[PDB]
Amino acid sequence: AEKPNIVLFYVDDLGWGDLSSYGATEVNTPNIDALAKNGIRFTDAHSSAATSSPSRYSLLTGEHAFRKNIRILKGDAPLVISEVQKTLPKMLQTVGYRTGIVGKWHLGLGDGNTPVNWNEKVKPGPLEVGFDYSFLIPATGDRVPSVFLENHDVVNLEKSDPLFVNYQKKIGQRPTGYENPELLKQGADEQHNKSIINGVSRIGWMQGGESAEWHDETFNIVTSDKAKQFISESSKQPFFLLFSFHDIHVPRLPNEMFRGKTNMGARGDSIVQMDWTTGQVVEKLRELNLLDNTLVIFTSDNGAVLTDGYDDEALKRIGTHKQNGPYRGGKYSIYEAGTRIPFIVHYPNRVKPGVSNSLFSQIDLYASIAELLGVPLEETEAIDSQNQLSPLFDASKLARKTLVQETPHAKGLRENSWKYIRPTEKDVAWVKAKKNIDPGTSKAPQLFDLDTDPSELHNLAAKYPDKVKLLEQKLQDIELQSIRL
């Protein structure tokens, strides 16, 4: 009653403008739009980072990812969340929640002492950082191993055909993108052209594990079934479900029933699938009469990207679609579209519909949920997570004044509508070339007023150097922070 269920939909690479309730016209997202229409949609909400693993780290620890220098993790990275580190699911466990995760992990698995043996129990993982149940795509959809990991075991593995991966050289006898292009459903760049699983090459080589191979085009069935089973089993008790999409990350291989539903190719059709999958979970909540007393949160790990490694026509068939809305940048960028993402709260018993323009941070989910449940936080716990339950539940309330934005190549700072980008000597020309996204680095400081210049086009750094200095000093204060408030 006083402990509502929490379901956190976490989409992969969903851009600010990829929902029809955020202005999309080339794709319809009716299931997600109903949540927004009956809840609050936020226009200035942010992931911690512009790439997956750092934003997932900050969601779960309530702490900026640079404090542990988290970057995009490889398929065999060790777990980046410590087994005694405070986490949002662990926090929820102490008040009686059953916690589950279904879908993408990308937070590392194992201790790192020795390579993960995919044929033994895989630990530590989700179950050691506060999850009671986990059903994972271990790394990313485009990184081997292309298998599911349930709790501690690879699903449907045969002792007769053990599983190994290698990210430096070919092992095993699977066809590859570079040797066998005639077997490919989509062309792939050099990073992505290794072992072929289910007609698509991945990053890295995979040996064995044939019976454990997943089937991309039925991710929507597999994950939604597991999510439905978890909810149904936990229905008599408070539960936390983190539903971690592979959509709309590459390779986009949507179920055949969504193919051609848009004129944007595989990327647009993945948005349709992603919306269907959400409806499956929402309707299960409704039919068990859990929906009005569930805090549903729908959001994204980073901003959007069209061309991310496969020849899936995402850029050729973009049409009129503005995947990042009016905002400059995208995935990997320090401009606004790197972290400014869709963010929807739906909680009928407590949250009246509205639209909030408050500067809001996913990093504050930890402390705001702790506030909702009366959980005190230690002075060293989730140090960046602020109690923002009030603007989270009420569209008229303000939230942050200041928020740091993070990428590997540069840090930035929002202060109200001011946007500051720290200069860097680092060279990231591969983002413009390969990703068709301006990463946003300049060897000069950048300052923008988003009210008049929402697309970050007119650098005001030389017009307001005192403002630049003030924002850089504020960014240093945050980098140096070590306890709460």
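One rule holds for the numbers: they count along the sequence shown, beginning at 1.
Student: Compare the mean C-alpha B-factor of 323 to 331 with that of 172 to 180 as given in the PDB entry, and name the stretch with the higher value.
Tutor: Result: 172 to 180.
Student: Please work out which of 301 to 309 and 188 to 196 has the higher mean CA B-factor as recorded in the PDB entry.
Tutor: Between 301 to 309 and 188 to 196, it is 188 to 196.
Student: Based on the PDB record, which member of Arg340, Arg98, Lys261, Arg267 exhibits the highest Cα temperature factor?
Tutor: Among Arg340, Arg98, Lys261, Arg267, the PDB entry lists the largest C-alpha B-factor for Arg98.
Student: Given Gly130, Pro254, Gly279, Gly75, identify the residue with the highest C-alpha B factor in the PDB entry.
Tutor: The C-alpha B-factor peaks, among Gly130, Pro254, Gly279, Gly75, at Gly75.
Student: Per the entry's values, where does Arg71 land by CA temperature factor relative to the rest of its chain, in the lowest, middle or highest third?
Tutor: Middle third of the chain for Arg71's C-alpha B-factor.
Student: Can you tell me which third, lowest, middle or highest, the CA B-factor of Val122 falls into for its chain?
Tutor: Highest third, going by the recorded CA B-factors of the chain.
Student: In terms of the CA temperature factor given in the entry, to which third of its chain does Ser21 belong: lowest, middle or highest?
Tutor: Its C-alpha B-factor belongs to the lowest third of this chain's values.
Student: Looking at the temperature factor on the CA atom of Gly141, which third of the chain's modelled residues does it land in?
Tutor: Lowest third of the chain for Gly141's C-alpha B-factor.
Student: Ordered by C-alpha B-factor within the chain, which third holds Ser160? Give me lowest, middle or highest, please.
Tutor: Answer is highest: the recorded C-alpha B-factor places it there.
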